[PDB]
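Chains as they are written, first to last, in the authors' numbering: chain A, 1 to 304; chain A', 1 to 304. A prime marks a further copy of an entry chain. We put the CB at the ideal spot given by N, CA and C, even for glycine.
2 protein chains.
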Amino acid sequence: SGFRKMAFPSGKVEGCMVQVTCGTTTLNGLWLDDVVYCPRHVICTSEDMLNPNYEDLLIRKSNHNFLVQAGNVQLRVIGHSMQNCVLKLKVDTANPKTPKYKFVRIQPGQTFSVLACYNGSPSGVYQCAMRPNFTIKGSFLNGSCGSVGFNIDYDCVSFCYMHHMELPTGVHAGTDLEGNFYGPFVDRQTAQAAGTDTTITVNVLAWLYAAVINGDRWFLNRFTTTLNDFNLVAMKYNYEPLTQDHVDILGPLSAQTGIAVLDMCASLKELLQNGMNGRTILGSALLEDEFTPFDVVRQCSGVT
Amino acid sequence: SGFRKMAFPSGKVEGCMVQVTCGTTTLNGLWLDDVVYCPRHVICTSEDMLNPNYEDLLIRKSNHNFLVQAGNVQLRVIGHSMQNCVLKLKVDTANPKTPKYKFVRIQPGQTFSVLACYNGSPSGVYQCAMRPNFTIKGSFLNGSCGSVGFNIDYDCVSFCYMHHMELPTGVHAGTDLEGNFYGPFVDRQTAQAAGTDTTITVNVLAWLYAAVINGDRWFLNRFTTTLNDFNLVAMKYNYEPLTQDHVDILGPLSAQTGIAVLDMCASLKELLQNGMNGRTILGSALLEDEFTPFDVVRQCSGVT
Ligand SMILES: COC(=O)c1ccc(S(N)(=O)=O)cc1
Ligand SMILES: COC(=O)c1ccc(S(N)(=O)=O)cc1
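Rendered as structure tokens:
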């Protein structure tokens, strides 16, 4: 019992973290096999950052200009290329700690673990969600760029995020490991406003199921609702519309708890309309939306 | 920028996690050098658990009755002893992944990372606090016992917690790595009520500093207070009394932010008396008390 914002164990990812220095800029790189992946803004000089021409900047750069340090051993760089907003640095040595991995571009509302790193050294791990507006609410200081988001399925690390920038509003933007930004964000120092940060309805509902399972039931009501009635309320409260796919994904929590998805929807509706009235749910005074149905099932069943 | 409930990277601890089976009971063990540490309740049969005589139960047990599995390789057990509520199993092989470590018994209000494990396999990592009542609010299913709490200082893992039991109220109790319970808890299936769960005042104040640093300032007021005036308010709201030691420990946050500790105290007092009025602080609708001053400094400076 008990429910926690849990991250994946970070060990498999810790052994992939390196430091990349180009000129005077140091950030984090991810070493998988004989490739080190990092943000292409490593080639930027603080003054290039207004509108960098990365193609023009990269012409000036040779294999030997990319200093790759894995702990206190230097990697020989034998090739470099730009794929979208990441650099791939071919090194002469395959990372001996390369776990089984995949690159996956995640959907908004999906959750992952961030290993926040500085100079290729891990500082901490936390659980995040890709916000509906393709930002994440992270914890990233100067030098944290190249820190990666991942999921683990038994022994396979799915890399989904590389950290690139902080928006003027102090939310975070980044790419998948093919270097495509989540959202409309570009790797340049300019006005980038995020869109409306909507609540991930299916994740709130999953977290309400997690609460019921863990004994927090005060919010279960005598009401039900329909997908259309519910979504009228979602719309008003900047909640993502709920689909039958969402309902289906909640099926195992529904089944375990014997609370119909639409009944739980009706409990959420009352919570949105009436607030918490100074009560808490799983020690939170607001509706948590950074647990997926899969996260609830995983944590409420002991998957390793 | 951004502030997250961050855990230590868990890799150093992942390589210490083993499975311990005695009879039909399996739980987690911690392998450091040639010793595996686990809860002594591994020797209990579901029926011993009402009032086990661990000395009498342990007489029936031989080195070969303790099955220690590290991944899918078995460790030879060459000695066993009970220290308080843990078993130490001497094995014939030193863990080759033994990090630098210490056993430390933490103070209430102190924070640590839990690597939650099942059958010696890590499932997740989260950040906890030793509550003032010597419980932790964890996430532990059947088979999670022997999961450990730790801090990391550069390269040295300080082990502070081994998980032992869930109280009837679904909070968690456990020992240090010398097998002494935090609090008055015993490893037996009986009525164990925790005391009053007070709020860790110094940690709330640290988190208010973290908020100001990160741009969340709405709660900064025109008031100050005294240690004695403040503690009158703390007492009423089941907040731990604040001492000059607490004030001293907040000194660097005071200095960085230029907000006197007692002024921040006066902001907290108003928050306790007036509530949040539906506002949030670092995305929380209640006062967070599971960041220490050291955690705020660490996260707000990039320590690895
Ligand atoms: C490569 O440069 C960038 O990608 C970048 C973007 C945004 C900002 S910020 N915090 O001024 O908005 C700073 C740097
Ligand atoms: C070794 O046995 C125990 O330490 C123990 C303590 C408490 C409980 S519980 N959840 O019934 O209160 C169950 C088992």
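What residue range does the alpha helix (DSSP H) around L232/A cover? Run containing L232/A: 227 to 236, per the alpha helix (DSSP H) assignment.
Assigned exposure category for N95/A' - 16 Cβ within 10 Å defines buried: Buried, since its Cβ has 16 or more Cβ neighbours within 10 Å.
Please state the DSSP three-state secondary structure of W218/A'. Residue state, collapsed to three classes: coil.
Just by C-beta distance, which residues in the stretch 186 to 199 of chain A are closer than 8 Å to chain A'? Identification of residues in the stretch 186 to 199 of chain A having a C-beta nearer than 8 Å to some C-beta of chain A' yields an empty set.
**Prompt:** Taking DSSP as the reference, what is the three-state secondary structure of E47/A?
**Reply:** Taken through DSSP and simplified to helix, strand or coil, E47/A comes out as coil.
Nearest chain A' C-beta to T280/A closer than 8 Å, yes or no?
Taking a beta-carbon distance threshold of 8 Å, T280/A counts as an interface residue toward chain A'.
Worksheet entry | Under 9 Å by beta carbon: chain A residues contacting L268/A' | Correct list: empty, because the minimum Cβ distance to chain A is about 16 Å.
### Task
Over the uninterrupted beta strand (DSSP E) stretch that includes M165/A', give me the two end residues.
Here the beta strand (DSSP E) through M165/A' covers 156 to 166.
Looking at chain A, is there any beta carbon in it that lies within less than 8 Å of the beta carbon of residue 363/A'?
As shown, chain A' starts at 1 and ends at 304. That puts residue 363/A' outside it, with no answer to give.
Ligand 2 heavy atom lying under 7 Å from the CB of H164/A:
No; taking the cut-off as 7 Å, the Cβ of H164/A has no heavy atom of ligand 2 nearer than that.
Practice item. Between the Cα of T201/A' and those of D56/A', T190/A', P241/A', spot the shortest distance and give me the residue it belongs to. Key: Cα-wise, what sits closest to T201/A' is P241/A'.
- Can you give the Cα-Cα distance for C22/A' and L75/A, rounded to whole angstroms? Computed Cα separation, rounded: 46 Å.
task = Could you tell me how far apart the beta carbons of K12/A' and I152/A' are, in whole angstroms, since I believe they sit closer than 8 Å?
result = In this structure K12/A' touches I152/A' by the C-beta definition: roughly 7 Å separates them, less than 8 Å.
CB contact check: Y239/A' to chain A, cutoff 8 Å: So, not an interface residue.
Whose C-alpha, out of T243/A', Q299/A', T225/A', is nearest the C-alpha of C265/A'?
Checked all of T243/A', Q299/A', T225/A'; the closest Cα to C265/A' is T225/A'.
Q) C44/A: beta carbon under 7 Å from a heavy atom of ligand 1? A) Checking every heavy atom of ligand 1 against the Cβ of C44/A, one is found closer than 7 Å.
| field | Rounded separation between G71/A and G258/A - CA only | value | Across the structure, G71/A and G258/A are spaced so that their CA atoms are roughly 51 Å apart.
Contacting residues, own chain, Cβ-Cβ under 6 Å from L287/A (five flanking each side not counted): For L287/A, where only same-chain residues beyond five positions count, the Cβ hits under 6 Å are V204.
Comparing C-alpha positions only, which one of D229/A, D155/A, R105/A sits nearest to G174/A?
The shortest Cα separation from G174/A among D229/A, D155/A, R105/A belongs to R105/A.
Whole beta strand (DSSP E) elements within the stretch 164 to 211 of chain A', 3-residue minimum
The qualifying runs are 172 to 175.
Notebook entry, point to check: Per DSSP, which one or two residues make a beta bridge with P122/A?
Noted result: Under DSSP, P122/A forms a beta bridge with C117/A.
If you draw a straight line from the C-alpha of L232/A' to the C-alpha of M276/A', how long is it? Each residue's Cα considered, the two are about 20 Å apart.
Kindly indicate which three-state DSSP category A129/A' falls into: helix, strand or coil? The DSSP-derived three-state label of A129/A' is strand.
Considering only C-alpha positions, which residue in the set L208/A, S284/A, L167/A is nearest to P184/A?
Cα-wise, what sits closest to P184/A is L167/A.
- Item | Classification of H41/A' by the beta-carbon crowding that lies within 10 angstroms, buried from 16 upward | Burial state of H41/A' is buried, judged by a 10 Å Cβ sphere holding 16 or more other Cβ atoms.
**Prompt:** With 16 other CB atoms within 10 Å as the buried threshold, where does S123/A fall?
**Reply:** Burial is judged here by how many other beta carbons sit within 10 angstroms of a residue's own beta carbon; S123/A has at least 16 and is buried.
Mind checking who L30/A' pairs with in its DSSP beta bridge? In DSSP, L30/A' forms a bridge with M17/A', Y37/A'.
Apart from the five residues on each side of it in sequence, which residues of its chain come closer than 6 Å, Cβ to Cβ, to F181/A'?
-> Correct list, in chain order: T175.
Given that a residue counts as buried once 16 or more other Cβ atoms are within 10 Å of its Cβ, and exposed if not, what is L115/A?
-> Under a 10 Å Cβ-count criterion, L115/A is classified as buried, with 16 or more other Cβ atoms of the shown protein chains found around its own Cβ.
**Asked** Under the three-state reduction of DSSP, which class applies to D153/A': helix, strand or coil?
**Response** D153/A': strand per DSSP, three-state reduction.
**Prompt:** In this structure, what does DSSP give as the bridge partners for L75/A?
**Reply:** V68/A, per the DSSP bridge assignment.
Margin query: In whole angstroms, give me the CA-to-CA distance for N28/A and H80/A.
Written below: Between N28/A and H80/A, the C-alpha separation is close to 16 Å.
With a threshold of 8 Å between beta carbons, is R131/A in contact with chain A'? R131/A does not count as touching chain A'.
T304/A touches chain A' at which residues, Cβ-Cβ below 8 Å?
For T304/A, the chain A' residues whose C-beta falls within less than 8 Å of its own C-beta are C117, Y118, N119, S121, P122, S123, listed in chain order.
Can you pull the DSSP bridge partners for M82/A'? DSSP lists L87/A' as the beta-bridge partner residues of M82/A'.
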